[PDB]
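This report concerns only the one structure given below.
There are 2 protein chains.
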Amino acid sequence: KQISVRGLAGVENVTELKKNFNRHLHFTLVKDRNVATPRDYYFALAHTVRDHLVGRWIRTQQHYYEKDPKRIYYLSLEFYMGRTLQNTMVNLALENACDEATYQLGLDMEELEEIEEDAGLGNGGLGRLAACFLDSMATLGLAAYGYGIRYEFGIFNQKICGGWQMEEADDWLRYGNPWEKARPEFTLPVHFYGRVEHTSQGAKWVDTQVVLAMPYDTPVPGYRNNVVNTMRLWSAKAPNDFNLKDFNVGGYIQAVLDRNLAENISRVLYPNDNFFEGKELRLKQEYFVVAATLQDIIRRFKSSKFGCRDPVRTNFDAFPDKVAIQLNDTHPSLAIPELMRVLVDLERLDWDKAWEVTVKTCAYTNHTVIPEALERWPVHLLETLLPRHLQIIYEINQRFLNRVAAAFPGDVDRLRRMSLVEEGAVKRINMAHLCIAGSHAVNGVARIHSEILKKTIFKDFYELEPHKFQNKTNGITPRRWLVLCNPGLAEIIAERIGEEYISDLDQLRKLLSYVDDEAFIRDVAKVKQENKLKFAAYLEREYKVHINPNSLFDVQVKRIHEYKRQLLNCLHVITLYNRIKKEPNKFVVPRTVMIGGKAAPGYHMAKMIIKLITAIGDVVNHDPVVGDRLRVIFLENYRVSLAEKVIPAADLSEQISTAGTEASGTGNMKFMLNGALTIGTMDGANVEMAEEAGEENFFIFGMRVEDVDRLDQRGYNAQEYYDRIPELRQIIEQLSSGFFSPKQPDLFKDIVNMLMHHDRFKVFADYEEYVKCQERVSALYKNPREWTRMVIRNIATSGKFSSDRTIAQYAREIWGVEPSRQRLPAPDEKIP
Amino acid sequence: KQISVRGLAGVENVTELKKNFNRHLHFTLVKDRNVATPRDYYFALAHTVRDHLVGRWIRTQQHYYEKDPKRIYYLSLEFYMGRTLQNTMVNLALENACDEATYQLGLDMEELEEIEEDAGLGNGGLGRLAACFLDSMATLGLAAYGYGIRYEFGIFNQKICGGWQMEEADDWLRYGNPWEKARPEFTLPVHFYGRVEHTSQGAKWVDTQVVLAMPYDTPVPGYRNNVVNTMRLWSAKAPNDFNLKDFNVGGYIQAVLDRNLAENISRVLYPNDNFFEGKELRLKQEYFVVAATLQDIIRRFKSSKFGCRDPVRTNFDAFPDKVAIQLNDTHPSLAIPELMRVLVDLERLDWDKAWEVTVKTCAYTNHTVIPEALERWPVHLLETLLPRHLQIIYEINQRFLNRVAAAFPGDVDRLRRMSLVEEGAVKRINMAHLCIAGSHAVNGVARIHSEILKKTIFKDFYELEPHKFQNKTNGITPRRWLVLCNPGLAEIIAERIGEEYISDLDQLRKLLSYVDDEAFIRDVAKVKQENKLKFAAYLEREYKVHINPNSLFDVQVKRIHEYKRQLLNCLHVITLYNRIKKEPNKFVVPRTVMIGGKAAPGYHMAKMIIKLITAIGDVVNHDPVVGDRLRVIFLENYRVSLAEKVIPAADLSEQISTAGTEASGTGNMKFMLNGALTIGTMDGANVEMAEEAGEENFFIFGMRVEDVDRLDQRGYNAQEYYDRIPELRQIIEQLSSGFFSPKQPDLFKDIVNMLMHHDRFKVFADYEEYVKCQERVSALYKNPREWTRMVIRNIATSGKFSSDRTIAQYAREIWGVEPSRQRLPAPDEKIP
Ligand SMILES: Nc1ncnc2c1ncn2[C@@H]1O[C@H](COP(=O)(O)O)[C@@H](O)[C@H]1O
Ligand SMILES: Nc1ncnc2c1ncn2[C@@H]1O[C@H](COP(=O)(O)O)[C@@H](O)[C@H]1O
Ligand SMILES: Nc1ncnc2c1ncn2[C@@H]1O[C@H](COP(=O)(O)O)[C@@H](O)[C@H]1O
Ligand SMILES: Nc1ncnc2c1ncn2[C@@H]1O[C@H](COP(=O)(O)O)[C@@H](O)[C@H]1O
Ligand SMILES: *Cc1c(COP(=O)(O)O)cnc(C)c1O
Ligand SMILES: *Cc1c(COP(=O)(O)O)cnc(C)c1O
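Taken in order, these protein sequences are the chains called A and A'. A prime marks a further copy of an entry chain. The opening residue of the first sequence carries number 11 in PDB author numbering; numbering runs sequentially from there. The opening residue of the second sequence carries number 11 in PDB author numbering; numbering runs sequentially from there.
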């Protein structure tokens, strides 16, 4: 029945909304009632909600121009936004008035929200982080700017055909985007290739090709405080001139068709999660965000109340007190040599003076320690495409290694290990060394990840500069991740403690005084039950299904990777299958195991792991002896809007990374706040979460970081595990015999040789502890009342994992900025 | 001071307009007064004017769906619209209220109209015709549809650098288009390549690639009668599937970058005027309009009150009484085999029965007799790209030549001359033969052009089917071409005869009773003078100039071609130059000779002719002895909105085509209605115009069609002319000596060898008569009063050259449709 505090259904504003809705169907959409579709209705609603945003967005921006804050620019190559409609109504408190208004126009608003396409401009974690951050910078009142690429194809749509992933182009822009404001008026040029001449006073980047960067702005509304900040996303556009001009007389028409070569820089998002691919088109995407963003930054500093102020030079020795740029991973590292290039080559500051300014402005977030994720660009590729930025990266290495030398006299290996230039047969630039060297702050995303950085990959850097290294554990936004996807839970919590918790999540602690309160136990388990019934039917309707809603909904949803160990969960699922087929009239707690997530194309192992899951589902789900008891499902095309549907309905969250690989995790937190219990290793933010709810209100198993290290020193031999555990040996035999692949028996023999001979993530070493820890999960699900009271101990202790906490600490400890909860005055106009 | 009847500046609607204008700056544009530019103001105005259009457009279309007219589809690959803002206000009578409203918002509306980009979706004549037709079908109340390609780059922008044309891409869509309504909702597929299998009952076009055709609609408002018709322009979009799907596993990312190959079909307009280029991309553009349009046509027949009606089959033996398709030139000829393909292959009608339906639906306009303009497609290219349409074109040739054979027994040369298949070493299909064979009507665009067709190129066709051949002389729209570009002239005429003439131009005859009326002579010469002063300053401001406004403004503006004979006008200009330098203190009527127009890139001669003109301007305009007396100017980037500025200010119209080459002409008519006097040959519609004003109120010279034919029989020898005329011989010597090219003396030696040795258009044969006829022009300009009274005899007799006359005859004699002047009721809605 919903009607939670989705705000007020004010009679006035409901008459105002129905009116404006009907106006956009007519004037904007040019459609009449006896020819408009649901999609037409979705669009009229989008444009009406978007109209209540703009006086606040115009006022917020006018406001920062006269009040001149220090501004925070968050540079990221991914912004994984998902849908905007419900969120904007949550934030603007329009949700009950517009469901009334559409109720009375006769429509079902929840039906129309499903017509919205996700903005899938990110891959997984790093980009959802960027998107959660944005909401929390807007809610904390900060003059903050998200800058990225407007990709026309975001992350691909995954189709499973014959158990295999088939990729499809994510054509999210086809029907339009009501939430962007193209600003061609504000287009800027980006230069590529060319050459350098060092003439008279200095270096000059000459005979470059030009690509134009065209801005498109989306409003980011804070939670109910009248602040609407901007995300500025750049599109690539060919110049009107050389494309034809100069002697490129190989066809006028061919010359016009070749504009595309240059518009290809923002055509598509590279589909890889935690993996570097040294592709020239990725380096152009990286350089293109940085060049157009830095011109926008320098232009707002110059012409923001310094526009007035002369008397000596444009003094950039105020630039760090007016500017902060956060580098989200090393994909924007070119911001360092680019700020040096404009400062030294264009503004003709002195190197030392421009460097000090660059360091005090810049800061870097590391997102993984895994080697193959790290960005090490071929220097042949850097000086063709950016010959001046390679000069500048050489000068910087030289001055930095002279700082190392002077502080660690004679330690010639330190010099070679700290170098930004990796001498090897294919000399490369290590971009994370660049970022550490040119940022005043470097941070990890969970305390364990941040300690691993200090003790192993950046230890040379940490003893040279202890002061750069920090931690800022990730967060999730309680607006999307609690009140937007779980209005039932938010209602029952608000009903007991109020609504002040959505901008102050630590308040969830007050729920601890209701673990022993019976009305609350019935309510917490009833929302969980409605959400499970609502997801059961989602799959029978939108994908034909019959899952059983009374089973434990066991879900692992995240990008498909070997470190994430979807395969361990796979090994758990066929044990349980085989225990059942051996003692079939033995009771067992029923479960639906749902596993979903995207594989990069060409990550062959990840593509085999999808095929293994669906192959376990083909057998398990069609065995008459198993019945209700076990159902294996692959959840196709996992994305942000599916995550808002499957994380509310889950009972068990599966976060089983090998310890020391998952830097933080954030699905982690989405499940803890929404009432699931976590099975997991002492990895990433899991460690912090078990610390917040009590180890005992969590299900930890497996090796700790020391134990993987103790096992690598020995040498990991999986033949030992196979040999010592019959249950495991049997799974391996089934796999290699063709039990799961009848017609093609040797299909999964790649995963078996991987597990048996070169498994980097030690699946078999965590298997016994995982099957045992999984017995304890089922034992407690059997006790409903007690499963629900540790769920309440998890929800009530989730406050630390709100992004408002993360961002209030980035603000204070790195940007040097202060958070506000205050409402911007922002009404608007009126005259007659 | 303007304020003509540009309608009423109603206080109410002026308050309504200022209000809505301010609304779009805020809600649509997201801009505030202290940050909006002129372009922002232009856009808010465009969106407010466009809002008064939509209830009429939605009502007009609802109206044709219940009233079910026969619909007229005008298939054209060019629609040369120009700007839409002023036109829509002219047609909707909003022009005085919006100039008041913007006056009071403080803006200058005439300033904001100049921010509008032309829709330059056409090359010259054929496409402006299509655009004039559209306005007149909407003004005559016809259920008519313009269908074309939405090109992203229309015809190039011409820059002259060093006297040479330099092409630039026409990026008209950059800042947006407020007048289109994308309708992705209504996307349809177009198939290419594949193969045919003839299975069981019939042929099947199998294994085709698919390109999606995406519709974009623009409103076409009739003059003040509440009718708003649609122009539907198709965009090419890649499928989401094979682009990646199938084994096109040569990169996921490369697969996404290759979507462009298919979106290239509507990237750019081929820049050639009256010239065929057998390029595969042109044939895909041609097939793409036809396939998506014909699906739209069949779908509105089926599902328009026949949607209700069953009881036997969908009977297409009602299709010609419900449908008319006009083929604008042979660029849509594929409509014939495509209607046969759907009817025979898809609806499984019998061939004879589907053919009769195709002929009675189809009709064809020929636009030129010049050979190199004619479209003769390589059959290797037709059966790769469209293997079924080549089967169908073979069957049709076979049945047609069996009709010829039966009626002209034994005439084996007729058979080979009438064939749609030109056997030659590169077998080709003659598309005009196809069009004659599959249309029930074929028409020329001027009576002489239409007689030339019957007597020479299609004479075999005419004696086989006399009944197909017709004439429909072209027209120009008096809305754009009189009241929109010349409000001064329209005011003074309306002031004496009223305003009913703008939808009934023949009324201009009433002005004949004011040739001997003095108030009218002062008024007709004063508007001409204001318009000349307003164009003088246009070039000094927008291009730095100082032309003299008291000189005779002598202008030839049209596409650069050898048949058009810009070179004869060039030969006139240096005679006059040399007469002056020989008798310098002899008075001569001063003139500014303006020549402008676009050359196709790679039409080398046309590109030399531009260079010759600017080279005559470099010498002539910098001779101290010449002074005020002669100024040669190249009018750069001639397009529709420049034509609205230079045709009002002209005194002399130059239409000097070699007789029998210009099929009709329409610049012709624009100048006659706007008060210029025509110098011209007895070519195209010039013949009809001299017939309407009296031969004597015109300046005819040169060979008539018989004389060119009499000279070709002899053989044309230009050495005879050179030999017999000293003035000519001298021009040739100057040209070949380097008089006009000091630093590179042999630069124009290509044009001299062309003139002297292989001039197809007989420049020198019309030279004596042209210099002599030009003496008579200057003699009358010396007599102001008498130049103005023959101008009044030209304006007063222009009525026949309105497109409402052309279209009322296409309607009656070919579409079988009746014209209405009645106002559609069309107000709109209201409720509380
Ligand atoms: N030159 C100016 N005069 C007055 N207001 C301005 C000016 N420049 C910016 N503003 C205001 O501040 C906003 C900041 O623009 P931007 O620098 O692009 O983020 C503008 O949209 C206006 O509200
Ligand atoms: N995320 C990944 N993890 C591990 N190996 C990968 C991953 N993505 C790709 N690969 C490997 O790296 C190559 C380049 O990446 P891609 O074309 O994206 O698969 C592939 O051909 C595989 O050999
Ligand atoms: N199925 C229908 N029911 C009612 N009105 C319709 C229907 N189909 C079309 N119309 C009306 O007629 C117009 C014609 O659409 P079209 O066939 O696309 O040119 C629509 O925009 C509606 O105004
Ligand atoms: N409109 C034209 N009239 C005459 N010759 C032309 C024209 N356009 C092109 N040509 C010739 O035809 C060839 C193909 O056309 P284009 O590439 O458009 O110039 C050119 O290379 C010239 O040889
Ligand atoms: C939050 C989120 C993630 C991150 O989940 P992890 O378990 O941290 O990998 C990935 N993808 C989607 C769609 C998400 O919403
Ligand atoms: C009307 C028009 C033409 C046609 O002029 P002609 O003299 O018939 O060639 C060509 N181009 C433009 C821009 C026009 O407006």
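Quick reminder that beta carbons are idealized off the backbone N, C-alpha and C, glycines included.
When secondary structure is reduced to three states using DSSP, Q723/A' falls in the helix class. Shortest Cα-Cα distance from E382/A to any of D320/A, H459/A, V389/A, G288/A involves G288/A. Against chain A, the CB of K191/A' has a partner CB under 7 Å away; the residue lies at that interface. Contact of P842/A with chain A' is not assigned, every C-beta pair being separated by 7 Å or more. The shortest C-alpha to C-alpha distance from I584/A' to any of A442/A', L745/A', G508/A' is the one to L745/A'. If you compare the alpha carbons of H377/A', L425/A', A415/A' with that of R457/A', the shortest gap goes to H377/A'. Residue pairing for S245/A': DSSP places it in a beta bridge opposite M224/A'.
Each residue's CA atom was taken as its position, placing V656/A' and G135/A' some 17 Å apart. Sequence-distant Cβ neighbours of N23/A in its own chain, meaning closer than 7 Å and more than five residues away, are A107.
Proximity of the beta carbon of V40/A to ligand 3 is not indicated: no heavy atom of the ligand is located closer than 6 Å.
At least one CB of chain A lies nearer than 7 Å to the CB of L254/A'. Judged by beta-carbon spacing, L499/A' lies beyond the 7 Å limit of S808/A', meaning their Cβ atoms are not closer than that value. Going by DSSP, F563/A' is part of the beta strand (DSSP E) stretching over 562-567. One Cα belongs to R43/A', the other to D118/A', and the distance between them is close to 16 Å.
At a cut-off of 7 Å between beta-carbon atoms, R69/A makes no contact with chain A'.
In its chain, beyond the 5 residues on either side, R641, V642 have a beta carbon closer than 7 Å to the beta carbon of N631/A'.
Using a 10 angstroms sphere on the CB of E552/A, the tally of other CB atoms stays under 16, which defines it as exposed. Between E26/A and chain A', the shortest Cβ-Cβ separation is not below 7 Å. Fully contained in the segment 561-623 of chain A are the following beta strand (DSSP E) runs of length 3 or more, in chain order: 562-567, 601-606. Annotation for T676/A indicates a beta carbon within 6 Å of some heavy atom of ligand 5. Relative to ligand 4, the beta carbon of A223/A is positioned no closer than 6 Å to any heavy atom. Within the model, the alpha-carbon separation for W365/A' versus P347/A' is close to 10 Å.
When secondary structure is reduced to three states using DSSP, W189/A falls in the coil class, being assigned neither helix nor strand.
For the segment 802-836 of chain A, the continuous alpha helix (DSSP H) assignments of 4+ residues that do not extend past its boundaries occur at 813-820, in sequence order. Contact note: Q72/A reaches chain A' through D42, using a C-beta cutoff of 8 Å and chain order.
Taking a Cβ-Cβ threshold of 7 Å, none of the residues of chain A' is close to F202/A; the smallest such distance is about 17 Å.
For the C-beta of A129/A, not a single chain A' residue is nearer than 9 Å; the gap to the nearest is close to 17 Å.
By the rule of a C-beta closer than 5 Å to any heavy atom of ligand 3, the residues picked out are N44/A, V45/A, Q71/A', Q72/A', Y75/A', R310/A'. For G135/A, the CB falls within less than 6 Å of some heavy atom of ligand 5.
Short of 6 Å from the beta carbon of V635/A', and not among the five residues preceding or following it, lie these beta carbons of its own chain, in chain order: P594. Between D533/A and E540/A, the alpha-carbon positions lie close to 11 Å from each other. Relative to the Cα of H571/A, the nearest Cα in the group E124/A, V555/A, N133/A, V718/A belongs to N133/A.
With contacts defined as CB atoms closer than 7 Å, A345/A and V237/A fail to qualify as a contacting pair. Counting only residues of its own chain and dropping the five nearest sequence neighbours on each side, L392/A has a CB closer than 8 Å to the CB of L293, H399, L400, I403, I439.
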